[PDB]
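Notes follow the structure.
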Amino acid sequence: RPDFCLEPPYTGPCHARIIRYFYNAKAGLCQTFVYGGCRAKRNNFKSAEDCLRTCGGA
Amino acid sequence: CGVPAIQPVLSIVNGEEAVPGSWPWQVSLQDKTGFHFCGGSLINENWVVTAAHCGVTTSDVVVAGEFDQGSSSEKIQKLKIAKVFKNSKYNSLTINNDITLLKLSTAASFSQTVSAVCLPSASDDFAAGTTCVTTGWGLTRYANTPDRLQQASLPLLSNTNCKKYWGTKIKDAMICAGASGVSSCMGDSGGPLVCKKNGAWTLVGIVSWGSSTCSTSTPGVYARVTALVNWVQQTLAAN
């Protein structure tokens, strides 16, 4: 799987409170986190399904 | 516009609870489940101005007349969004031109707790040091959002002083305020930064970005409405 899947979630500098998903390699599942709205990293998905399809098993 | 039926009491991290209904233009942008993700400002009965990075869609809703989001009994107006007008010049890389207009499906019913904020003229000059106010339900500590609407008085900063910290990240459609003991934070985005113009509260900025830890000694960055108001007027005129 892509290495970006191993990066911690990144909220960014914008002040929004947008629910997004990131892959947590420690637990082996995609978890939710709050995204600020701008400058998202790659381990940031709009659905748990997209996240698992991209990072599952990393 | 810009005149609350209920006067606010002055004197968001380190801000204070607002008098219920004293910022009638403040709206809460929520998803279909009621989850607050951004703030916004009513500019008239059919339009709301917010930040482009909030990524609002027609599935989201505008909640007007709200004060305590933890009160299920509180009377509010859940307004559907007919169309979203994101400024085509919004730069997703630099965050410049961070503004979006929301056209409501059904007009909001203006009242004692629901009304519009005034818009400035493109040529208006709000001097640095001017004490303005920002409001919202964003975090009060950098955690869940406060139930009751918060407010904070803060000074506008000159571009020169802002750049002393942010350097070239400050663009032409951005205006800074804060670094004075308060700070906008997670959940405040899209909300208003207002200053008085002839006594009427006028939208000078839209909460955009800033310190990644909501530091109160760092300049907050807002979309400069004077640089974007012509785009606003044009959009309303064509829709």
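Every number in this text was worked out from the coordinates using simple rules, so none of it is lab data. In this analysis, Cβ positions are derived from the backbone assuming ideal geometry, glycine residues included, and neighbour counts consider all displayed protein chains.
Give B:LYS89/B:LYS196; B:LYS103/B:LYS197; B:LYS32/B:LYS164; B:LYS32/B:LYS169; B:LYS83/B:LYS171; B:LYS75/B:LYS171 a once-over and call out the pairs whose C-alpha atoms are over 30 Å from each other.
On the way: B:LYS89/B:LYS196 28 Å; B:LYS103/B:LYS197 26 Å; B:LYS32/B:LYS164 41 Å; B:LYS32/B:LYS169 34 Å; B:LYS83/B:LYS171 28 Å; B:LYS75/B:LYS171 40 Å.
Exceeds cut-off: B:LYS32/B:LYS164; B:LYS32/B:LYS169; B:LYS75/B:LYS171.
Among B:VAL225, B:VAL63, B:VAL114, B:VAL3, which comes first, second and so on when ranked by fewest other beta-carbon atoms within 10 Å?
On the way: B:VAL225 27, B:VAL63 19, B:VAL114 22, B:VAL3 13.
So the ranking, lowest neighbour count to highest, is B:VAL3, B:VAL63, B:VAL114, B:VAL225.
Once every DSSP H run of n ≥ 4 in chain B is given -39500 (n - 2.57) and the sum is divided by its residues, what mean residue ellipticity at 222 nm do you get, rounded to the nearest 500 deg cm²/dmol? Kindly include the intermediate steps, with their values, before the conclusion.
Details: 2 runs with 17 residues, N = 239.
Helix contribution divided over all residues of chain B: -2000 deg cm²/dmol.
Test of understanding: extend the Cα→C-beta vector of B:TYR142 to 7 Å, then name every residue of region B:186-213 with backbone N under 11 Å from that spot.
Label zone hits: B:186, B:210-213.
Quick check of the Kirkwood formula: for region B:1-114, what is the inverse mean of 1/r over all pairs of different Cα atoms, in Å?
14.8
Provide, in order from the shortest bin, the percent of all Cα-Cα pairs of region B:127-220 in each 5 Å bin, continuing until the bin that contains the maximum pair distance.
Percent of Cα pairs in each bin: 3, 15, 25, 27, 18, 9, 3, 0.
Give me the net charge for the shell around A:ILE19: Cβ to Cβ below 10 angstrom, other residues only, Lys and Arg +1, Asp and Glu -1. The partial results should precede the final answer.
On the way: positive: A:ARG17, A:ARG20, A:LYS46; negative: B:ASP31.
Surrounding charge for A:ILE19 is +2.
Please report the net charge: other residues with Cβ closer than 15 Å to the Cβ of B:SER28, K and R +1, D and E -1. Intermediate values should be presented prior to the final figure.
Working: positive: A:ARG17, B:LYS32, B:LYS75, B:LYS78, B:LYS80, B:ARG148; negative: B:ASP31, B:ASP60, B:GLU66, B:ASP68, B:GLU74, B:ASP147, B:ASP188.
So the environment of B:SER28 carries a net charge of -1.
For chain A, would you read off the P(r) tail past 14 Å as a percentage of all alpha carbon pairs?
Details: 738 of 1653 pairs.
Pairs farther apart than 14 Å: 45 percent.
Return the FRET efficiency for the residue pair B:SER73, B:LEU10: r is the Cβ-Cβ distance, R0 is 25 Å, and the value is rounded to the nearest 0.05. Provide the component values of the computation, followed by the final result.
Working: r = 28 Å, r/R0 = 1.12.
It comes out at approximately 0.35.
In the P(r) worked out for the protein assembly as shown, what percent of Cα pairs fall beyond 27 Å? Before the final figure, lay out each step's value.
Numbers: 16176 of 43956 pairs.
Pairs farther apart than 27 Å: 37 percent.
What translational diffusion coefficient, to the nearest whole µm²/s, does region B:47-111 have by Stokes-Einstein, given a Kirkwood radius computed over alpha-carbon pairs, a temperature of 4 °C and 1.567 mPa s viscosity? Spell out each step's value before the answer.
Numbers: Rh = 13.0 Å.
Here the translational diffusion coefficient equals 100 µm²/s.
What shape does chain B have by the C-alpha gyration tensor, where a ≥ b ≥ c are the square roots of the eigenvalues, rounded means a/c under 1.5, and otherwise prolate means a/b greater than b/c and oblate the rest? Mind showing how you got there, number by number?
Numbers: a/c = 1.38, a/b = 1.18, b/c = 1.17.
Taking the square roots of the gyration eigenvalues as a ≥ b ≥ c, chain B is rounded.
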